[PDB]
6 protein chains.
Amino acid sequence: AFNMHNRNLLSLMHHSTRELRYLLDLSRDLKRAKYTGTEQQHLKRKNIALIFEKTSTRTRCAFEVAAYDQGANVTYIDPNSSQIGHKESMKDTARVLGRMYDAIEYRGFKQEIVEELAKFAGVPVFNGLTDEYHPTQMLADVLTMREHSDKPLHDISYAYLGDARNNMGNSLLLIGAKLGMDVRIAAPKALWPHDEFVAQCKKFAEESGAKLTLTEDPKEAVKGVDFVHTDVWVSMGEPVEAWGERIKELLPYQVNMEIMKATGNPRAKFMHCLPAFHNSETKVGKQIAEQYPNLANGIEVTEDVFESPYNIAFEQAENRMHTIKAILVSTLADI
Amino acid sequence: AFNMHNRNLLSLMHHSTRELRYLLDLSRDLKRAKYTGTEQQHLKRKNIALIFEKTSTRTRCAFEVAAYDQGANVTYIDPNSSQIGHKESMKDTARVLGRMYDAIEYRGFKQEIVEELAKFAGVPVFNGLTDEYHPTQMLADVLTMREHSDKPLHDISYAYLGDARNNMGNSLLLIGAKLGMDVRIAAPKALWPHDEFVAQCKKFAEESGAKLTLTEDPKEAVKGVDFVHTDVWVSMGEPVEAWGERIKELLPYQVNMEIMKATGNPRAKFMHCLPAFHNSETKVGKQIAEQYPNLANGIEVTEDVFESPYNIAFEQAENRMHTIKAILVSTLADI
Amino acid sequence: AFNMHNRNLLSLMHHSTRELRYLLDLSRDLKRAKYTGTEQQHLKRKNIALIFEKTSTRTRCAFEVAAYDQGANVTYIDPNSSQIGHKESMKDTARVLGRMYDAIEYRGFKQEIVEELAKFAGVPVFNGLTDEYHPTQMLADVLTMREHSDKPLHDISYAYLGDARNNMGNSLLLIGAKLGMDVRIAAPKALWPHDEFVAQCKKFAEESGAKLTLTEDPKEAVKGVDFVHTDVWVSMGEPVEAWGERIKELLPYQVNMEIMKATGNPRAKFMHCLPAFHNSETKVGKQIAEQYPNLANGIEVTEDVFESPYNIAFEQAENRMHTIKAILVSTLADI
Amino acid sequence: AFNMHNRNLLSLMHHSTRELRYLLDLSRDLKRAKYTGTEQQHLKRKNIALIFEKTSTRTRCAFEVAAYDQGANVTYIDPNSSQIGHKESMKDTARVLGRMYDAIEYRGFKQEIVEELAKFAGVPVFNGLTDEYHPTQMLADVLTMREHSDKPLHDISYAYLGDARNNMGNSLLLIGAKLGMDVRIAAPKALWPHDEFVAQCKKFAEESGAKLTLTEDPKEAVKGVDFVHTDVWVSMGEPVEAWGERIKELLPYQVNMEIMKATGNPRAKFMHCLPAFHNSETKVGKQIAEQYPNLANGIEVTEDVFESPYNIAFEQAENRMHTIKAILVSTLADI
Amino acid sequence: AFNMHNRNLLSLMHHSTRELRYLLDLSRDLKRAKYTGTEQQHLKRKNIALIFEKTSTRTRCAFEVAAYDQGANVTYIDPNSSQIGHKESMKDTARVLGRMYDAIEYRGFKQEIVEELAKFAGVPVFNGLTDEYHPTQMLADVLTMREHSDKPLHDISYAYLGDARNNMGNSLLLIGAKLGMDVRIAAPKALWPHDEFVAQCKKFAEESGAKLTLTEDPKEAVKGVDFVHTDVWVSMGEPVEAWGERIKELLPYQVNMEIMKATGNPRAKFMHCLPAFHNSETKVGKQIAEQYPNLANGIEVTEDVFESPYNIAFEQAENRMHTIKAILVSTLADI
Amino acid sequence: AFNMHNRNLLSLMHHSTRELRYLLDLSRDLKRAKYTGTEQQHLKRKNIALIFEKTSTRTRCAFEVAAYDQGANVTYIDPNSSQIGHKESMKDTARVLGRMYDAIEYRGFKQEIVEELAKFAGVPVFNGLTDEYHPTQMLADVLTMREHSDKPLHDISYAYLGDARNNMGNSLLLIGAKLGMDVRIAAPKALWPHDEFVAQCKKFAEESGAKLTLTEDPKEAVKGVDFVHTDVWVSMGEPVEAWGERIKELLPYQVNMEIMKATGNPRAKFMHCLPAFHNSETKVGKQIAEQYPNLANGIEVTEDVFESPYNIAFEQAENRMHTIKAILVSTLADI
């Protein structure tokens, strides 16, 4: 049968349009099967190592729940118990772990670490996140858009506002390009994906019928679009006191009711991969609100938009589990 | 059938006498069923998130073992991977988690956090501990007392000595009041539960036939009682050097052989929810013994009492698992 | 049937030659059964607590995978959630845990802690590692040697080079002595096992037909041997700057191609219990290489030997799981 | 969990009060589970050797039925096929049998034989009866008393009349002493248990709160008691013609309606471990009736008492099976 | 449904024609089901006591195999371990056994013992044989005849030659009478069944349409008959030396080729319930042959007839198992 | 597949070398499968009759346990309930039993009885022992030797000392001859196997490459041998008083430390099929010790040798079960 057995998931760069559609279909069906009670376990007796170099509760929980639903077991290796590179090489770690587990998930920093893991483990390897890509999130995003739209994938338009020179901007552009979707990126020119990377997406877009539009004008990027996406651009690393400029620079790209209106579509929906800074209800948010009283009603998205029917972020977050299950099942199942 | 399906466990304040007795009965029966080998799994394929804002090995292990016995799976979210309030609101966390898990356990600080979790999760929520209440422990305590007594619940008398202006004093009084038990609290007047809270327990006591006695005299509180309860009152937060006054103040309420004798009952038993500071065998205990040579044989309870047939603290600790299982089963099972 | 039901694994000191051979046989058979697909689960519904006072991913993963394969569940208690001795005695912890779990694994420092755990738990207790012994590793080592050799156990010769005044030197000598194997230890006289301990191994050797050779000459210790073992001797506790002397002292015992050649056997294999410092590919290794440019190609073993057919360290690491399974099965199974 | 896995049952002398209560609880629950249809088999695939040096249909049938209910198999070795000591030592027999069976039951004469069996078998060993003790019967007796009484164990009083210098007198005193029960023995001073043995029971009684009363006056021993126990004292070994003196001597201790009345309790019940000589309906009984016309209506108990609501001997006999099952399950089950 | 649940099998005297036919039908069907592989076990978890006061391998094996096929367990109580009446009454034994087992089989001497067993056991009781009746054998005989004949039961004729004043003569007459069969008994007038018994069979025969013919002339009794039955008449109790008269007296009733011919039917078959004395191949037979050289070729039946196609004794013996199974199933099964 | 379905086991005389090796392999594998927990039952619903003309607890228990492990049932027919030949021929018994059971085991005296059983039963027949052969023991012996040796079967040397003109001497020689093993028999010339029998073994030896050495010199027979076998030669039939000559005659063939040393192999092991007379600990042994004070430390083997690492008699005894299972499985299983 058409299958993707023993396949890794490192970036989506080497996954064809037919492969991605298969995974989207499988996600949809596995989702319906759980809610319907028709799900069958095909990962019984599979043991999966989840290595997290940096804590990520949403990705972790998504992997745990998916694995458990399918009858597999997981060993969660936290940031403290994990320091690949410090005392032992990833080549060595991969060789030991590949001999005890059936598949390995890795969530870290350098993409080449995940690729080294994949080179030496001997078992399927999944990238839970790196600086360059976030493959699981993209499949979750498209599925959400797909089930919250009446048009086929190639008829969907979407815009991502904010800092795009990262694994989210890089990824949102790539999956739209592989699926022939109309994708727009509104960001300051300095915060755009690397030209070398856009150039590879233009390559995929020409093979799939997609249109990639990069621009610095948000209202232009959001016109007649079906979904508005964004993400936290504020730097949690830099002290709240040193954010003044980045806020000044990224604030016009903020998703508020006005941008939601500017789409000119009453059906448009909002998406954020979470956590989102949509208020002061947080402790960090209360500080931000201080140094910048203006950001008291949200930073990248406002409470108005966030706590409204526009927001489908939670369905989107749920779809992260159904999607990874499709990855585990297509890769490891006896089907 | 009479049931408590889809019910939360946040404080026991909104649980009737019939509901608590049902849970006590179910705990007893599930306990006998495990030892007898007649236990059947009714939580197969249930996934439960255990959020611990503060490490609590006994509560954690009790939840893990109960869930596993019943065929469910658990995702343990530790204090490091958990900071509800810092970077993301509990309203947001609850909405995401409620979409991946079948029930959520929360162990933290502010009771309103657990209540917010419960308002927004969409799935049953259990309180593993807060500053105001410790519901799971109370059911475990009454069951232990119940199986280590010949009288029915309403015939049992018990006294708790020590600091009562906390989740233990608050809770021990509340469950005795809902079950028509004779409950006595011996503590300095300043360390008594809030009057507003005692007033609500007086309300429940008048409906159940209970007698709540608060007093500063320990020998009086322990007369003709069936069980003597206590707990660590010494402040682990404050440096051992600054404990002199609290020790001076709380020392007369210490459970020793004399208090055990003063009950005038050869059948009376001792209870402590653990860990207990009954000697110097610990590292902290060795320090305490230094600044206060007198506390070298125990602080809230003495080694004499602790390492004697009086002590049923370990059965009590075991009953914490059988009890939470009754909570999981009554709330989530297919029965 | 001949069995070791309800038996602890604390040091191997009280395990006879027949018992160790049974375990080696069971490991071999359980290994073949997993690869063949004939494995049956006999730990279904068993709950096991894994206490790790110090992080040990390889031992942890070995226990997790073994337990899961056999149908049991595990509760991993990390170094943060575990401080036996600080706030609560091991006697108390053991009493509570022994009432919720079916067996307890402990990995810590003082051997007497594990022995106290075993005295009071009431359920089987396994030592995952202490300063004095590492029982699980030894069974894994002999099995590996056994399956990578054509001679029976008593015909196998092996040498361990490096610091021997520790749980590895202590253990490698003990298991060779209980099995009538030809064991050699090449180390500076100061880094030899205690005489009192060697004396007890001489006792076992005289009962099994073994030959224990301690010496300071590595080429002599490695002559005509089947396996060369070693381990990290460099002190991770002491700053890299203060290692000059220990390196000076232990460097001649380093396993390189020359020592591999000096065995005079083209069949000889290399063993290391990992992690190994065989290059600069690590961050610590890059620092070491700086202060000591000479150790840029490996410290206790060189990259030449490590990345060659001589190296069977990864099979050895895999055998750590099959072995612990034999421990869990012989101790807890319904067989 | 609290357990007694791999434990032998040789005399009850080394079983604590908590252990005996656990077994009483388990017996009660396993009994209810069989009648309720909730029993689950946990001895599937267990093979048990039943060695009977002397025919004992009631003990044999109790063991067979218990084992079968639980899914195990049994090999009954009769008195003819069994002569441990004649042609082969028990040390040798135990070593062979311990290698084929999962547990061994022994019913013979010298207690040290059972203890030798236990020393060398390598599998759990149960004592079905010796000259010194009858452990299975005692658990059966207390359970019966417990379920036919409204008071807790420590509130129960019982008297055994007849020859007490045997495994019944020895045993009835021991189990009452370990459970803090009020036990009375009415017998001629010469037929009392050894002082050395009473002294050890006084030791246990002082730890449990029991009162042991030995006396030669039956009406005194039976005052306000809950259960009257007795047993055949007549010597089946000695010809009926030579019984005149023993009958003369033991006749005043006979349980008749008068003794039943003398208890001063209308709730008191009668117990006998069977077979009982309560009439002439037997062939031996018809002979006895001849030489001693007076014993035509019963010897140790009379037909009046035996065929009346006082008699609970048959429930008592049934409880012998539920009890041994608790022994098999606690010792060998996968629970 | 039409059923015979909880029914005893003591003599067949209180079993109607419809009940016996049901059992014959069930036997036939259970037999076909075993050979066809369609048999289902409906006695799973049933425990059956087989009491044999006198060794009877064929009846014992028939009961064991039937029970085992159906999933039940059996406890075989041999003649040594069984002496109902000696030391303990059957009323007492029945009361104890009825509490441990689900049904009891009894094979002894006095019919009233089996009836006493049945009065007091509380569970179904089966008569494996007494002096008066042999119910299981009769059902086995008719079934055999039925499957080795083309006519319906009421069209079958059969003759039994030999000593008829016993459980075989008594039984062969009774089952023919309850089923409206043509039954003939050829025996010396002194060896006929009691008149009181024949009179009761005449009663049944008049209700079923049967013809009972008693006579002293064998050739007359065997004319036009379908089956010739016989049995050992020689007294194993009396020494071979004292048999001269009984042999003289019973010899003309011997089944030889002449009697087989005298039936005037080439289809007629021979039946014997075994063991049969058809030669000298035995040790007893070799002695008989000595004192009486004439009986060297068979006593009640000759080797000619026995080792010929006439003989269906072995099918008959097999049918003893299928028949008892019908008894166990109709009485105890969940159908 | 290569199989031995429906095959009897009467002597091993008609079993080829390939067949015996298959059985040795199957025994080894079934043994590993039981200890590993991978055993599957393939005799479910099989009923096996075990006829024992002479009590043999070790063979009986071996058959019972094997059958039970595999899911079959057994009917044990004891020496009292069995007298084939007395009242009924084996031809008749075999015909009846072959119709109720799936296989029959026979343990008696005359080999021709077992062969008659096999001729007429119609189901597989196994010889548990006769005067001429003991097939099950031989397979058990070779397996034991095989697993306690490093050489292949044809490289193994063994010597049997004692009376060889019996089923042990006959059998030990035959299996060595069929497997090309170096077998030596040290015995007085009068106690050697019949020449006619040795001649047939010489025939098999020439086809397998074996060397059969008969001799009267024990030290010569034991030189460079791997296993020393022996057996009780003392006549239990003849009164201890009449043994003087046989002891005088057979004493030099006794296995003591000297003979163990005389093998010139530190690896050599001792074997005895049990029971062994290695001391006075028995009642018979205490008598022997009297008439012959010299035999107070063992007769055919001494306590020194018996209670030492030389002795593997108990493993040997265990292997009797794994071996018969291979016989039952190869003969009756659905594989």
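Atoms considered below: every heavy atom in the structure, side chains included; atoms not considered: hydrogens, waters and symmetry mates. First the proteins, then the strands, lettered A, B, ... as listed; each starts at 1.
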inquiry  = Distance to the ring centre below 6.0 angstrom and angle to the axis at most 45 degrees; does that hold for D:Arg99 and F:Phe314?
reply    = no
Part of F:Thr55 within contact of chain D (heavy atom distance under 4.5 Å) = side chain
message = Need one label for D:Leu97: side chain, backbone, both or neither, based on atoms under 4.5 Å from any heavy atom in chain F.
response = side chain
remark   = Checked F:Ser56, F:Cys61, F:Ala317, F:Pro275 vs chain D; the most non-hydrogen pairs under 4.5 Å come from F:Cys61
ask   = Under a 4.5 Å heavy-atom cut-off, does chain D meet the side chain of F:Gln287, its backbone, both or neither?
value = neither
query = Given the options D:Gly98, D:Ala49, D:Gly85, D:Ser82, which has more heavy-atom pairs under 4.5 Å with chain F than any of the others?
reply = D:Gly85
key: Residues D:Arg95 and D:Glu88 bridged, charged N to O under 4.0 Å   = no
inquiry  = Report which part of F:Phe277 has an atom under 4.5 Å of a heavy atom belonging to chain D: side chain, backbone, both, or neither.
reply    = side chain
query = Which of parallel (below 30°), tilted (30 to 60°) and perpendicular (above 60°) describes F:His322 and F:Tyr35?
reply = tilted
task = Examine whether an atom of F:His278 lies under 4.5 Å from a heavy atom of chain D, and if so say whether it belongs to the side chain, the backbone or both; otherwise answer neither.
result = side chain
inquiry  = If we define contacts as heavy-atom pairs under 4.5 Å, which of F:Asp78, F:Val65, F:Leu274 has the most with chain D?
reply    = F:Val65
D:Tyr76 six-ring face occupied by D:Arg60 cation (under 6.0 Å, within 45°) = yes
inquiry  = If the test is side-chain contact (heavy atoms from CB on, under 4.5 Å), which one of D:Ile48, D:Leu332, D:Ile327 qualifies with D:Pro124?
reply    = D:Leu332
key: Greater than 12 external heavy atoms within 6.0 Å of D:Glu196's CD   = no
note = Bottom line for D:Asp92: the part with an atom under 4.5 Å from chain F's heavy atoms is both
query = Would you say the side chain of D:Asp69 lies within less than 4.5 Å of the side chain of D:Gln41, judging by non-hydrogen atoms?
reply = no
